[PDB]
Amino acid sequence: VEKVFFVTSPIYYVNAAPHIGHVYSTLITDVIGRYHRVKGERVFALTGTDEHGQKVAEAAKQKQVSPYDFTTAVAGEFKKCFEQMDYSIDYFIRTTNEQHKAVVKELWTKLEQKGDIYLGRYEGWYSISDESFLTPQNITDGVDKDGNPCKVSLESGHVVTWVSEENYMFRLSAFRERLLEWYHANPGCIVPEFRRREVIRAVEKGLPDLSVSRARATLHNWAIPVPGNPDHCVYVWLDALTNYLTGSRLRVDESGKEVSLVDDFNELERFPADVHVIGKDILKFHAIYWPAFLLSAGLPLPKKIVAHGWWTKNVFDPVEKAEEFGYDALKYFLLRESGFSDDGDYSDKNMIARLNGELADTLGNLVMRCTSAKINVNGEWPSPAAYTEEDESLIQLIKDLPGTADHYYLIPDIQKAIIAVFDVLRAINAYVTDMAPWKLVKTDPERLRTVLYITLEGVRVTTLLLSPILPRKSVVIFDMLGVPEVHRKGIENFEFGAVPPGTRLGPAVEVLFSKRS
C-alpha cells in the first residue's frame, strides 16, 4: 500500500511557554519525517497546539487576558520556537481552527449514530492539569502550590478534585475485547515493548466508560459545543486526539496555511498515522481511548505509537544551548543520550564529551583526513585498485549499515540507529590508522587510491544515514566531498559505490565541529 508517510507529535497545551519536553517530542517527529524523505517517500509531518479546556482558560485568567488572545500569543511562541529549532514540519495545527471544530463535530455525530455515546454521570476524581479522569486507586495524599493538605495524582503529582456531573459517556467498556485483539494481532503497534505490556495489562483488568463531555460552566465556555446540546462541551481529549484526523484532511499551501478541508481522508492518503510520537504520560489516551474512538467510527487504526521516556506536560533552555553548542550537535546529543528512559546525563560535561569525542574526533576528524590536501592530493574521488581482506571487511560493514540502520529507524529507535552508524565510523577510523594513508602518498600511490576511496565512500554512506539527525552538517559534509545533489537522497544511494571515481571534491576555506574546554 503506497501512501503518504504520516508522522505526528502530540499537540501541546498552551498554558505555558515552549520548553525542552515539547522540543524533544517534536524533534523525534521531525527526525522520523526526515528519514522517510531521505528514503524517497512522500511524508506529512504534523505538530501543533491544544488550546481548549479548563486548564488553558484558568491560565489565561491568571494572566488577566482573554483565552482567545492568550492561546494565539502562546501558539505564536511555539511556532517561533520550532522555526528556530529548524524542523521540517509540514503543518502546525491549532484546535481553535474552524476546520478542526468541524471534524470534531462530524466524529462526535458518527459516534452518537453508532450508539456509542449516551447520557450518564461521572462521579469521581479528575486532574485538571492532566485533563484526566482517575479512579481512587490512582490518587494519594499530598500538597498544592501553597502547601495546604489535598489529594494528588499518583501518575503526575498534580492536584485532583472530585467532580459530580451529568455527562455524555462513550461506551469504552464495549471495546475491551477488540482492543486486546488489536494489540495481540499487531505486536509492534506500541513501542517500547514494556509500555505495550503496561497497556495490555490495564485493558485486561477492565475498562470503565469514559466521559466525553463536560458542563460548559466548568470549562469556562472555552471548548467546542456538543452538536445538538449547547449546555455541554466536548472533552478536551476527544477534541485533542481528533487533530490527527483533521491534519490528515487538510490541503496546505506552500506557506503552511491550510486552504481546504477534504471530505474523505483517503483523498490525501495520510490517515491513519504511521507513527504517533508521544510522551509516556499520555500513553493511555493514544493506546486505549483513540483506537476505541476509531473502532467506533469505523476508521483505520494507527500503525505505531512510540512513547518516549520524557514527560510532555534548574533551567534547560534548548535555544540557548543550541546557540552555545550548535543546533545539529544539540539534536544529536538529545537523540544519542537517551533511549526509552529518564536515566541519562544532560549536563554540560556530558554534552561536551559527546561533542568532542563523537562529533569532532570520530566524525569530524575523518571528514578532514579524507579531504585534506596532504592525503587527497588530486582533490577527487580516486579509482580503487584491488581490495585486501581487511578492505573487504570494512566494505562489508558499510554495505550492511543501511539495512541495519533502516530497521532501527522503523522501530523506531533513533538511539540505536545513531550507535550503529558510529560503530561503522569507529571502524573506518581504525582502518585509516592501520593503513596510515599520510605515509602512502610517497610509498605506495596505488594503495592510497584504494584506502582513500573506501574512506570517502564510508563517510558518504554514514553521513547519508545521519542526515536526518544532523541535517545542516550533512550538507556541509556532502559539499566538502563534492557529492552531487541527486546522490544525497533515495534508497538507490544507500548502496556502496554510488558516487563514481573522478568526482571532484568541493572547495576548501574551516571547522565542522569545534572542540570545547
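When you see a residue number, it is the position in the sequence shown, counting from 1. Definition used throughout: the rigid core is the maximal C-alpha set that superposes within 1.5 Å between two forms.
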Check your understanding: Core-superposed in 9 other deposited structures of this protein, which stretch deviates more in Cα positions, 336-344 or 400-408?
Key -> 336-344
Study note, to complete from the structure: Stretch farther from shown form by Cα RMS in 9 other deposited structures of this protein, picked from 427-435 and 144-152 after core fit, is 144-152
**Study point:** Residues with no coordinates between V509 and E510, taken from the deposited sequence as a class
**Key:** 1 to 3
Review point. Taking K313 and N314 as adjacent modelled residues, how many residues of the deposited sequence between them have no coordinates (none, 1 to 3, 4 to 9, 10 or more)?
Key: 10 or more
Exercise for review: Output the stretch having the higher mean C-alpha B factor in the entry; the candidates are 150-158 and 124-132.
Suggested key: 150-158
Review point. What stretch has the higher average Cα B-factor here, 329-337 or 248-256?
Key: 248-256
Review point. Among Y35, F478, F44, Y68, where is the Cα temperature factor highest, going by the PDB entry?
Key: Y68
Check your understanding: According to the deposited entry, which of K101, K416, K284, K374 has the largest Cα B-factor?
Key -> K374
Review point. Which third of the chain holds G403 when residues are ordered by C-alpha B factor: lowest, middle or highest?
Key: lowest
Practice item. State the tercile, meaning the lowest, middle or highest third, of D30 with respect to the CA B-factors recorded for its chain. Key: lowest
Exercise for review: State the tercile, meaning the lowest, middle or highest third, of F494 with respect to the CA B-factors recorded for its chain.
Suggested key: highest
Revision key, fill the gap. On the chain's distribution of Cα B-factors, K61 falls within the third called highest
Revision key, fill the gap. Of the three thirds of the chain ranked by Cα temperature factor, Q137 occupies the highest
